[PDB]
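J.: Please see the structure below; I have some questions.
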Amino acid sequence: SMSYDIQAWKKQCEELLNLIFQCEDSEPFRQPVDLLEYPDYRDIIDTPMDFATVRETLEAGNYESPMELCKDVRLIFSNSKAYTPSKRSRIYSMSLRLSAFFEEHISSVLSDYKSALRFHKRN
Ligand SMILES: Cc1ccccc1NC(N)=S
């Protein structure tokens, strides 16, 4: 059970997603972009991603690890940098703040999970 629990990352990521939805900085990134308002979004972005999608994928049981979750969240940020490239944009700034918040918090979730992995593989 609790030390080196390889399932513990799920509730941790659920809690982090909760913090992210609270942050005013996540507002542009909560829901999928709308095609008909930004008709060019798909001209620029190959693989859309948003935090409601990540939260539903996690709820569905479709991430095998926290690294898979982290990949999808990092796609949100990389997509924002491609679509809104200008450092003058407030949206750019928001993206950067929220990325840094995510990367701070996910850090321990990842390290703990990989520790757990390393322990159970060794024993
Ligand atoms: C932040 C934003 C607002 C409106 C339209 C597009 C975007 N960019 C992404 N969601 S990647």
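Start at 1 and count along the chain as shown; that gives each residue its number.
Determination method: X-ray crystallography, 1.7 Å.
Every residue, even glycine, has its Cβ placed from backbone N, Cα and C.
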J.: Could you let me know which of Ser80, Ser93, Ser99, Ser115 shows up in Swiss-Prot as phosphoserine?
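T.: Annotation hit in Swiss-Prot: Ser93.
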J.: Looking at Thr47, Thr84, which is the one Swiss-Prot tags with phosphothreonine?
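T.: Of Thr47, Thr84, Swiss-Prot lists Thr47 as: phosphothreonine.
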J.: Go ahead and report the DSSP secondary structure tallies for the domain 'Bromo 2' (4-109): helix first, then strand, then coil.
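T.: Summed over the domain 'Bromo 2' (4-109), the classes give 72 helix, 0 strand, 34 coil.
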J.: By Cβ count within 10 Å, point out the most packed of the modified residues listed: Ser3, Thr47, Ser93.
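T.: Per the Cβ count, the most surrounded site is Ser93.
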